[PDB]
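Contents: one structure, followed by commentary.
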Amino acid sequence: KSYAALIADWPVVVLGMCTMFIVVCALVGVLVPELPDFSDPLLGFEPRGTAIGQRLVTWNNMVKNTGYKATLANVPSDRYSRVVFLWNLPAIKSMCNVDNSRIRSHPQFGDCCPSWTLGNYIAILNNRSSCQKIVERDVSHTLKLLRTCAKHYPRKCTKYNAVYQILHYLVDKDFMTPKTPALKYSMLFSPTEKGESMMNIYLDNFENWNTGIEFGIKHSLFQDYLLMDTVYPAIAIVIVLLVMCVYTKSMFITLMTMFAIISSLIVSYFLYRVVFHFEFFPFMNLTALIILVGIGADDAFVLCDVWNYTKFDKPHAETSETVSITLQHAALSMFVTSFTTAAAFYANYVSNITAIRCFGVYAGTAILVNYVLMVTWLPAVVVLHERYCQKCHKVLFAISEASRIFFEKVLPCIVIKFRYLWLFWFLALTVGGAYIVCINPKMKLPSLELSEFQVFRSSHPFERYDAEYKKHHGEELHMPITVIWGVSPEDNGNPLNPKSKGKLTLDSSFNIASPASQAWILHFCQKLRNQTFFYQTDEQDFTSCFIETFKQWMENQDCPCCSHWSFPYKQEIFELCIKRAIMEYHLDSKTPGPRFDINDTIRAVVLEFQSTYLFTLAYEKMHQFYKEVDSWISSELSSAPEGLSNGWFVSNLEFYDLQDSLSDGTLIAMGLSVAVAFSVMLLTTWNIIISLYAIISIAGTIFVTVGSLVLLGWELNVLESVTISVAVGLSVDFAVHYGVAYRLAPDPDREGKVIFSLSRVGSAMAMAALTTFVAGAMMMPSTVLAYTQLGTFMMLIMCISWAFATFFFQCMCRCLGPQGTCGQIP
Ligand SMILES: CC(C)CCC[C@@H](C)[C@H]1CC[C@H]2[C@@H]3CC=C4C[C@@H](OC(=O)CCC(=O)O)CC[C@]4(C)[C@H]3CC[C@]12C
Ligand SMILES: CC(C)CCC[C@@H](C)[C@H]1CC[C@H]2[C@@H]3CC=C4C[C@@H](OC(=O)CCC(=O)O)CC[C@]4(C)[C@H]3CC[C@]12C
Ligand SMILES: CC(C)CCC[C@@H](C)[C@H]1CC[C@H]2[C@@H]3CC=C4C[C@@H](OC(=O)CCC(=O)O)CC[C@]4(C)[C@H]3CC[C@]12C
Ligand SMILES: CC(C)CCC[C@@H](C)[C@H]1CC[C@H]2[C@@H]3CC=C4C[C@@H](OC(=O)CCC(=O)O)CC[C@]4(C)[C@H]3CC[C@]12C
Ligand SMILES: CC(C)CCC[C@@H](C)[C@H]1CC[C@H]2[C@@H]3CC=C4C[C@@H](OC(=O)CCC(=O)O)CC[C@]4(C)[C@H]3CC[C@]12C
Ligand SMILES: CC(=O)N[C@@H]1[C@@H](O)[C@H](O)[C@@H](CO)O[C@H]1O
């Protein structure tokens, strides 16, 4: 009644009140929001509300505070630039041919200084300024000085001033051969220092295919490159509209479904920012468009043919009955498909990183509201179509009709002449792929990152430099493990907003009792010093536990305070004299006393220590390191008294928790995606053999995805989480619509049922598969890795999933398939 009546009664009014909602949403969507910034590409990737993040951001909060006077009132520069994008020495003309280039339009003189560092450097012999090709002296000096000494480092004086180190600091280090190709690309520039001005010269004097660069414009050039990034999807959306127009035989419908998708995205953005107060907006929210123009148009293809399939079968009776029947059937199928997809992102939200959460919410609301709009624009497409050179058009129409029937008769014949074969070949592929690509070496975590990921394609300069400079700055440091007791580590800030961290909170219950708890810290420090894994070969620190300096200062000064006798009784004023003793600087943290707008005595007892292991940018060892130290500190704080009960562990390991949060977040997202997948598959089709069939198909297709995906050197960094979520969403998206379509077959046979059911499902889905495939494939040519990544991903997923779901379900339904309602429960 309600739907169909409202549809048939006033279509222009529902059109009006809808478009009203869209235009007002757009207006407010421009008025209120305070300019979503794209300055930092990876803005706010610090995982929040996850111990380490909390404990880190507390000690990080400690850094930005300390707002007082004293608390005792009483050359080849690393920052310069370089090209370096492969080291040979036939630089007879090349070196200064690189020099006389676009590095002089804006001088910006620093440290005109002759800034070659290879060319003028090699020419240290004579001439003083210019690039000079003195062949015999060049070769003889180069070959000699290259073969003099490399590895064994004021006992040997053959060089000029400071030569050797500087020589071996520009050119590639892999020259330890003791022995003697052309690309016109090497390591030279060492120009004026990097920053923003370097952007200005780059943008103005590059992007003409002119020796690739590194001078830290990645984070700004990315933001500017969003123009030609924005360009490509415009071609993607018009072409998907065009091919949709080719199929459904009505230009109006297809324009309206397209405008519906874009309206659905902007109404999602309004509903996102206005109600779900999230001031942050990362870049992946843009890639939402690309994922939404593939699956957003899908539902439409399941509608038009349904409307067409009834108006032929049912006899021109009246509009209301036809729209009612088509709507109830198409709506079940459209809700299940869209919700199953949306649920992935909505579940993915349970992850505890900032950007993925934000992206998930936005795309989630986008896919869900898209369904509402699709159902509410059904009336429009159908009823407007009711009240609606040409020779070539009619030939095309004949071709289109003929080809659809050609398809309709062939595909069932081919999929049934499969004859138990496609089952074997594809099952063997999946189990084989999966069982190898989920045990042995196949993937890793984003180790070579340091919060500097691949934000562009490998063909472009800035990424490729990673591989180039792999030929340096990395020093084997020890983990400054620092338990502090100074402040209650509680995150009093909005978890979603990355720009507001919070403020420190003092612990009034924490009071170093002057007569007590000193012997505790001593026995604790002794207990540590006796425990292993404590690197203590160096002895010239003098600030290790803070008690030693105390023991020295109570030992001295007695031979102002002027009251020191035996061990600590009154205290306070002696601690203050010891503060003076320390102050007589290296004052930042590094020492335990009161800071951060404090006029009174001790409130922070910031203790320092050294480590066992080295700073790697990978998992494994760091986790075992963390676990062991946390488990030890958790014991020693269990031995602690009432006066000091609160302490925790922290060091410089932001990267470790990023990896841990990503790994957990993906797992729990995957877990809920498979859970809702099974649940909703049960909701649509009431038999269970079909439900197992489904989940096996889901398992197979996903194991194709993250096996084929990774083999393309694609470890799980940041996006790969939400991709895996898409993969589960779109796998079941196909499976479901196959399912009910089988269940509702007129005959009680196992082959005629297949043929009919198959020919149906194929005709909806293959077109919708093609729709997505083109929408994804067209995005492959671009610069930013984000778009390339998601575009080529979802392309592969659809390309697999459709034909996967197709041939599995039907080859499985051929022989092993269900009979007279075997397994259905009321
Ligand atoms: C999903 C597809 C359709 C791409 C998304 C389209 C737009 C929502 C984005 C893409 C490019 C973005 C623009 C990229 C560059 C800038 C310049 C920016 O200016 C500054 O950075 C401040 C001054 C300066 O540094 O130059 C103001 C926002 C703006 C217009 C951005 C606003 C939002 C835009 C238009
Ligand atoms: C349309 C009909 C005839 C079915 C055929 C499907 C193909 C068109 C699909 C199946 C596998 C897909 C390929 C799977 C893997 C890749 C590798 C990938 O190559 C890269 O490594 C580029 C990424 C990078 O190095 O930056 C680019 C897309 C491509 C060729 C895909 C493009 C589309 C392909 C060829
Ligand atoms: C949809 C599915 C297929 C996605 C799976 C992708 C990742 C979430 C997987 C692939 C690699 C897995 C990691 C491979 C290796 C390990 C080491 C493992 O270490 C131990 O076994 C501890 C004991 C020891 O060996 O010392 C802990 C889990 C972890 C991080 C795994 C966690 C889950 C990861 C990140
Ligand atoms: C529906 C089925 C029957 C046809 C469509 C399946 C394809 C979408 C899949 C099947 C196997 C996949 C391929 C498996 C292996 C590779 C090789 C891989 O590249 C390499 O391993 C480089 C070679 C080397 O390592 O020496 C790139 C992805 C690719 C082409 C995969 C891309 C997608 C493919 C072609
Ligand atoms: C077109 C391809 C892509 C298939 C995609 C699925 C839907 C379009 C199919 C699945 C089940 C089909 C329905 C199966 C049964 C019927 C009952 C039929 O009404 C009758 O009961 C008439 C029986 C008779 O007198 O023969 C009207 C069409 C309808 C809704 C079918 C319309 C098309 C549906 C919804
Ligand atoms: C607290 C404690 O047990 N300290 C002992 C110390 O008495 C002993 O002199 C030393 C010999 O190496 O070993 C330490 O661990």
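The way I read the labels, and the way they are meant: chains A, B, ... in the order of the structure tokens, residue 1 as the first residue of every chain, and ligand 1 as the first ligand shown, with later ones counted on from there.
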Neighbourhood of ligand 4 at 8 Å, counting only C-alpha atoms and all ligand atoms, reported as a PyMOL selection string: chain A and resi 426+704+708-709+711-712+796+799-800+803-804
Site check for ligand 5: residues at most 10 Å away, only C-alpha atoms and all ligand atoms, as a PyMOL selection string: chain A and resi 301-314+322+325-333+737-746+756-768
Neighbour list for segment 366-382 of chain A as an NGL selection string, cut-off 6 Å, only C-alpha atoms, skip fewer than 5 positions in-chain: :A and (7 or 253 or 264-265 or 268 or 342)
Contact residues around residue 706 of chain A with only C-alpha atoms at 12 Å, ignoring same-chain residues under 4 positions, as a ChimeraX atom specification: /A:430,433-438,442-443,699-702,710-716,720-721,723-728,793-794,796-797,800
With N, CA, C and O atoms kept, could you save the residues just selected as a compact mmCIF listing (two decimals), in the first residue's frame?
```
# COMPACT_ATOMS: atom_id res chain seq x y z
N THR A 430 42.12 -21.82 -5.45
CA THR A 430 41.85 -21.10 -4.19
C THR A 430 42.56 -21.72 -2.99
O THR A 430 43.29 -21.02 -2.28
N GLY A 433 46.39 -21.42 -3.57
CA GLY A 433 46.78 -20.03 -3.33
C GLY A 433 46.76 -19.74 -1.83
O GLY A 433 47.82 -19.53 -1.25
N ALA A 434 45.58 -19.81 -1.22
CA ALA A 434 45.35 -19.54 0.21
C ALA A 434 46.35 -20.24 1.14
O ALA A 434 47.05 -19.58 1.93
N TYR A 435 46.41 -21.57 1.01
CA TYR A 435 47.22 -22.42 1.90
C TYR A 435 48.74 -22.17 1.78
O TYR A 435 49.49 -22.53 2.68
N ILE A 436 49.18 -21.58 0.68
CA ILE A 436 50.58 -21.12 0.53
C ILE A 436 50.71 -19.67 1.02
O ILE A 436 51.63 -19.35 1.77
N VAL A 437 49.78 -18.82 0.61
CA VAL A 437 49.79 -17.39 0.95
C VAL A 437 49.16 -17.04 2.33
O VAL A 437 48.83 -15.87 2.59
N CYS A 438 49.02 -18.04 3.20
CA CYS A 438 48.67 -17.83 4.62
C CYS A 438 49.50 -18.71 5.59
O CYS A 438 49.02 -19.07 6.67
N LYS A 442 55.11 -14.61 2.20
CA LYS A 442 54.23 -14.02 1.21
C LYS A 442 53.95 -12.52 1.47
O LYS A 442 53.80 -11.76 0.51
N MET A 443 53.89 -12.11 2.75
CA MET A 443 53.62 -10.72 3.14
C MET A 443 54.47 -10.30 4.34
O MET A 443 55.20 -11.10 4.93
N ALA A 699 34.98 -17.29 1.19
CA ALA A 699 36.32 -17.74 1.60
C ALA A 699 37.27 -17.88 0.41
O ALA A 699 38.39 -17.38 0.44
N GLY A 700 36.79 -18.56 -0.63
CA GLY A 700 37.55 -18.71 -1.87
C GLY A 700 37.93 -17.39 -2.52
O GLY A 700 39.12 -17.15 -2.79
N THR A 701 36.94 -16.52 -2.74
CA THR A 701 37.16 -15.24 -3.42
C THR A 701 38.11 -14.32 -2.63
O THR A 701 39.06 -13.81 -3.21
N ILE A 702 37.89 -14.15 -1.32
CA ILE A 702 38.80 -13.34 -0.48
C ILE A 702 40.23 -13.88 -0.53
O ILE A 702 41.18 -13.11 -0.63
N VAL A 710 48.75 -9.32 -2.70
CA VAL A 710 50.05 -9.24 -2.03
C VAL A 710 51.22 -9.59 -2.96
O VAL A 710 52.27 -8.95 -2.89
N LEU A 711 51.04 -10.62 -3.80
CA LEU A 711 52.05 -11.04 -4.77
C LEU A 711 52.53 -9.85 -5.61
O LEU A 711 53.68 -9.82 -6.07
N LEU A 712 51.65 -8.86 -5.78
CA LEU A 712 51.99 -7.54 -6.29
C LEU A 712 52.59 -6.61 -5.21
O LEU A 712 52.12 -5.48 -5.03
N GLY A 713 53.61 -7.10 -4.51
CA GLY A 713 54.37 -6.35 -3.49
C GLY A 713 53.56 -5.40 -2.63
O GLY A 713 53.96 -4.24 -2.43
N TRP A 714 52.43 -5.89 -2.12
CA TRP A 714 51.45 -5.06 -1.40
C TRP A 714 51.20 -5.62 0.01
O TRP A 714 50.24 -6.36 0.25
N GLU A 715 52.11 -5.26 0.91
CA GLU A 715 51.95 -5.53 2.35
C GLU A 715 50.86 -4.63 2.94
O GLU A 715 50.56 -3.56 2.40
N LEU A 716 50.27 -5.07 4.06
CA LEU A 716 49.15 -4.37 4.69
C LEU A 716 49.61 -3.13 5.47
O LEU A 716 50.10 -3.26 6.59
N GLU A 720 44.78 -1.09 3.12
CA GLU A 720 44.59 -2.53 2.92
C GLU A 720 43.56 -3.15 3.89
O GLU A 720 42.91 -4.15 3.57
N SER A 721 43.42 -2.54 5.07
CA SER A 721 42.36 -2.85 6.03
C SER A 721 40.95 -2.66 5.45
O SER A 721 40.14 -3.59 5.47
N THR A 723 40.18 -2.14 2.35
CA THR A 723 40.06 -2.90 1.10
C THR A 723 39.52 -4.30 1.42
O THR A 723 38.47 -4.70 0.92
N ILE A 724 40.22 -5.02 2.31
CA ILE A 724 39.77 -6.35 2.79
C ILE A 724 38.30 -6.33 3.25
O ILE A 724 37.56 -7.29 3.04
N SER A 725 37.89 -5.22 3.88
CA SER A 725 36.50 -4.99 4.26
C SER A 725 35.57 -4.89 3.03
O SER A 725 34.51 -5.53 3.01
N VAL A 726 35.97 -4.11 2.02
CA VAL A 726 35.26 -4.06 0.71
C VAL A 726 35.12 -5.48 0.15
O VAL A 726 34.01 -5.93 -0.16
N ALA A 727 36.25 -6.18 0.05
CA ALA A 727 36.33 -7.53 -0.53
C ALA A 727 35.28 -8.51 0.01
O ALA A 727 34.64 -9.23 -0.76
N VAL A 728 35.10 -8.52 1.34
CA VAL A 728 34.06 -9.33 2.00
C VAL A 728 32.66 -8.80 1.66
O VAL A 728 31.75 -9.58 1.42
N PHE A 793 42.54 -2.27 -6.99
CA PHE A 793 42.08 -3.25 -6.00
C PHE A 793 40.66 -3.71 -6.34
O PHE A 793 40.47 -4.84 -6.78
N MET A 794 39.69 -2.80 -6.18
CA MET A 794 38.26 -3.10 -6.35
C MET A 794 37.92 -3.64 -7.74
O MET A 794 36.97 -4.42 -7.90
N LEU A 796 39.98 -5.67 -9.52
CA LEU A 796 40.36 -7.09 -9.39
C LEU A 796 39.31 -7.89 -8.61
O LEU A 796 38.93 -9.00 -9.03
N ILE A 797 38.84 -7.31 -7.51
CA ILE A 797 37.90 -7.96 -6.58
C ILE A 797 36.60 -8.30 -7.29
O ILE A 797 36.11 -9.42 -7.19
N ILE A 800 37.15 -10.91 -10.21
CA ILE A 800 37.16 -12.25 -9.63
C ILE A 800 35.76 -12.64 -9.15
O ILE A 800 35.18 -13.60 -9.65
```
Within 8 Å of ligand 3 (only C-alpha atoms and all ligand atoms), residues as a JSON list (two decimals) with C-alpha atoms, in the first residue's frame:
```
[["chain", "number", "residue", "atom", "x", "y", "z"],
["A", 438, "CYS", "CA", 48.67, -17.83, 4.62],
["A", 443, "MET", "CA", 53.62, -10.72, 3.14],
["A", 444, "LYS", "CA", 54.99, -8.41, 5.85],
["A", 445, "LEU", "CA", 54.04, -5.14, 7.67],
["A", 619, "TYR", "CA", 57.47, -6.03, 14.27],
["A", 620, "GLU", "CA", 58.68, -9.29, 15.95],
["A", 621, "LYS", "CA", 61.63, -8.37, 18.26],
["A", 624, "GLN", "CA", 58.94, -9.49, 22.56],
["A", 660, "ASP", "CA", 49.84, -3.48, 16.58],
["A", 662, "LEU", "CA", 46.53, -1.99, 12.43],
["A", 663, "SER", "CA", 46.92, -5.78, 12.90],
["A", 664, "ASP", "CA", 44.21, -5.91, 15.61],
["A", 666, "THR", "CA", 42.00, -5.50, 10.51],
["A", 667, "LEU", "CA", 41.34, -8.83, 12.31],
["A", 670, "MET", "CA", 37.39, -9.08, 9.12],
["A", 702, "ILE", "CA", 38.80, -13.34, -0.48],
["A", 703, "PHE", "CA", 41.71, -15.84, -0.54],
["A", 706, "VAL", "CA", 44.68, -11.07, -0.61],
["A", 716, "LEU", "CA", 49.15, -4.37, 4.69],
["A", 724, "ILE", "CA", 39.77, -6.35, 2.79]]
```
Counting only C-alpha atoms and all ligand atoms, the residue of A:594, A:36, A:820, A:364 that sits nearest ligand 1: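 Using only C-alpha atoms and all ligand atoms, ligand 1 sits closest to A:36.
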Test item: residues at most 9 Å from residue 258 of chain A, only C-alpha atoms, excluding those fewer than 4 positions along its chain, as an NGL selection string: :A and (237-238 or 240-241 or 253-254 or 262-263 or 293 or 296-297)
Could those selected residues go to a file with C-alpha atoms, as a tab-separated table (two decimals), in the first residue's frame?
```
chain	number	residue	atom	x	y	z
A	237	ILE	CA	31.73	8.75	-14.00
A	238	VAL	CA	30.72	9.84	-17.56
A	240	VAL	CA	30.03	4.41	-16.40
A	241	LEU	CA	26.93	6.57	-17.12
A	253	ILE	CA	17.04	6.98	-16.09
A	254	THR	CA	20.85	6.75	-16.29
A	262	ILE	CA	26.58	12.07	-6.47
A	263	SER	CA	23.66	13.47	-4.40
A	293	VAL	CA	30.57	4.92	-8.30
A	296	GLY	CA	26.43	2.70	-6.13
A	297	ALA	CA	25.18	2.12	-9.69
```
Residues near residue 184 of chain A, cut-off 9 Å, only C-alpha atoms, skip fewer than 3 positions along chain, as a ChimeraX atom specification: /A:94,98,211
10 Å contact set for segment 547-559 of chain A, only C-alpha atoms, chain neighbours under 5 positions out, as a ChimeraX atom specification: /A:518-519,521-522,525,542,564-568,574-575,577-579,581-582,607
Distance of atom CA of residue 499 of chain A from atom CA of residue 280 of chain A, expressed in Å to one decimal place: 8.1 Å
Within 10 Å of ligand 1, counting only C-alpha atoms and all ligand atoms, residues as a ChimeraX atom specification: /A:35-39,196,220,222-234,237,262,265,283-290,787
Filtered DSSP result for segment 528-757 of chain A, state helix (DSSP H, G or I), as a ChimeraX atom specification: /A:528-530,547-555,573-583,621-636,654-684,689-711,720-743,752-757
Save the residues we just selected, C-alpha atoms, as a compact mmCIF listing (two decimals), in the first residue's frame?
```txt
# COMPACT_ATOMS: atom_id res chain seq x y z
CA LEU A 528 66.96 -3.58 38.07
CA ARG A 529 70.78 -3.28 38.15
CA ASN A 530 70.95 -6.98 39.18
CA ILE A 547 69.25 8.19 43.67
CA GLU A 548 73.04 7.93 43.03
CA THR A 549 73.45 11.72 42.65
CA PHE A 550 71.35 11.96 45.87
CA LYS A 551 73.67 9.50 47.67
CA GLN A 552 76.66 11.56 46.45
CA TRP A 553 75.07 14.88 47.51
CA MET A 554 74.17 13.59 51.01
CA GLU A 555 77.80 12.32 51.15
CA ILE A 573 64.87 21.34 51.20
CA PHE A 574 67.73 18.82 50.57
CA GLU A 575 66.03 17.71 47.29
CA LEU A 576 65.94 21.45 46.40
CA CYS A 577 69.71 21.73 47.09
CA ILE A 578 70.19 18.60 44.94
CA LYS A 579 68.18 20.35 42.20
CA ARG A 580 70.74 23.17 42.47
CA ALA A 581 73.45 20.45 42.33
CA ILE A 582 71.95 19.11 39.06
CA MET A 583 71.49 22.69 37.69
CA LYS A 621 61.63 -8.37 18.26
CA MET A 622 60.06 -5.06 19.42
CA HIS A 623 56.90 -6.93 20.55
CA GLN A 624 58.94 -9.49 22.56
CA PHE A 625 61.02 -6.56 23.92
CA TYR A 626 57.84 -4.67 24.93
CA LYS A 627 56.11 -7.77 26.40
CA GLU A 628 59.17 -8.72 28.53
CA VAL A 629 59.80 -5.20 29.90
CA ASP A 630 56.04 -4.56 30.48
CA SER A 631 55.77 -7.94 32.29
CA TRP A 632 58.83 -7.04 34.45
CA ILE A 633 57.65 -3.47 35.26
CA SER A 634 54.14 -4.87 36.01
CA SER A 635 55.77 -7.10 38.68
CA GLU A 636 57.96 -4.35 40.19
CA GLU A 654 55.19 5.14 17.99
CA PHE A 655 55.76 2.80 15.03
CA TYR A 656 55.28 -0.39 17.12
CA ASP A 657 51.78 0.57 18.35
CA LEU A 658 50.79 1.71 14.82
CA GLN A 659 51.59 -1.81 13.59
CA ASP A 660 49.84 -3.48 16.58
CA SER A 661 46.67 -1.35 16.22
CA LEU A 662 46.53 -1.99 12.43
CA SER A 663 46.92 -5.78 12.90
CA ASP A 664 44.21 -5.91 15.61
CA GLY A 665 41.88 -3.49 13.76
CA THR A 666 42.00 -5.50 10.51
CA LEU A 667 41.34 -8.83 12.31
CA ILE A 668 38.28 -7.53 14.22
CA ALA A 669 36.97 -5.78 11.05
CA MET A 670 37.39 -9.08 9.12
CA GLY A 671 35.70 -10.94 12.01
CA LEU A 672 32.54 -8.80 11.95
CA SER A 673 32.48 -8.72 8.12
CA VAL A 674 32.38 -12.57 7.90
CA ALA A 675 29.88 -12.63 10.82
CA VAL A 676 27.35 -10.25 9.18
CA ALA A 677 28.07 -11.99 5.82
CA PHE A 678 26.86 -15.39 7.13
CA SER A 679 24.02 -13.80 9.16
CA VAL A 680 22.57 -11.82 6.22
CA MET A 681 23.06 -14.79 3.82
CA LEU A 682 20.84 -16.74 6.26
CA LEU A 683 18.35 -13.82 6.32
CA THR A 684 17.87 -13.84 2.51
CA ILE A 689 23.49 -25.93 2.19
CA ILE A 690 23.22 -22.71 0.09
CA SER A 691 24.54 -20.72 3.11
CA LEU A 692 27.64 -22.97 3.37
CA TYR A 693 28.00 -22.80 -0.44
CA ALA A 694 27.98 -19.01 0.00
CA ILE A 695 30.61 -18.80 2.80
CA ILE A 696 32.86 -21.26 0.88
CA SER A 697 32.53 -18.92 -2.15
CA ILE A 698 33.30 -15.91 0.13
CA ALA A 699 36.32 -17.74 1.60
CA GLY A 700 37.55 -18.71 -1.87
CA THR A 701 37.16 -15.24 -3.42
CA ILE A 702 38.80 -13.34 -0.48
CA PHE A 703 41.71 -15.84 -0.54
CA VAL A 704 42.13 -15.07 -4.27
CA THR A 705 42.07 -11.32 -3.42
CA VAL A 706 44.68 -11.07 -0.61
CA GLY A 707 46.89 -13.66 -2.43
CA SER A 708 46.84 -12.04 -5.90
CA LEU A 709 46.99 -8.62 -4.18
CA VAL A 710 50.05 -9.24 -2.03
CA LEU A 711 52.05 -11.04 -4.77
CA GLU A 720 44.59 -2.53 2.92
CA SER A 721 42.36 -2.85 6.03
CA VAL A 722 39.36 -1.11 4.41
CA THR A 723 40.06 -2.90 1.10
CA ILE A 724 39.77 -6.35 2.79
CA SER A 725 36.50 -4.99 4.26
CA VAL A 726 35.26 -4.06 0.71
CA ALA A 727 36.33 -7.53 -0.53
CA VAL A 728 34.06 -9.33 2.00
CA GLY A 729 31.24 -6.83 1.34
CA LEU A 730 31.25 -7.27 -2.45
CA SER A 731 31.84 -11.06 -2.39
CA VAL A 732 28.57 -11.60 -0.47
CA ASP A 733 26.92 -8.80 -2.54
CA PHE A 734 27.14 -11.19 -5.52
CA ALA A 735 26.56 -14.46 -3.60
CA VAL A 736 23.26 -13.22 -2.07
CA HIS A 737 21.59 -12.24 -5.37
CA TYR A 738 22.57 -15.62 -6.86
CA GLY A 739 20.96 -17.29 -3.83
CA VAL A 740 17.34 -16.02 -3.71
CA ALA A 741 17.22 -16.16 -7.53
CA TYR A 742 17.98 -19.91 -7.35
CA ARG A 743 15.54 -20.46 -4.44
CA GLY A 752 16.13 -26.39 -15.76
CA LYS A 753 16.12 -24.55 -12.40
CA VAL A 754 19.86 -23.84 -12.79
CA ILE A 755 19.45 -22.69 -16.45
CA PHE A 756 16.56 -20.30 -15.61
CA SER A 757 18.03 -19.11 -12.28
```
Atomic separation - atom CA of residue 68 of chain A relative to atom CA of residue 592 of chain A, Å: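 Taking atom CA of residue 592 of chain A as the start and atom CA of residue 68 of chain A as the end point, the length is 15.3 Å.
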Atom CA of residue 214 of chain A to atom CA of residue 788 of chain A, straight-line distance in Å: 21.9 Å
Selected residue of minimal separation from ligand 2 among A:822, A:770, A:73, A:398, counting only C-alpha atoms and all ligand atoms: A:770
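Distances from A:605, A:527, A:457, A:599 to ligand 6 were compared using only C-alpha atoms and all ligand atoms, and the smallest one belongs to A:527.
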Nearest residue to residue 453 of chain A from the set A:526, A:273, A:466, A:30 (distances using only C-alpha atoms):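 When distances to residue 453 of chain A are compared using only C-alpha atoms, the smallest one comes from A:466.
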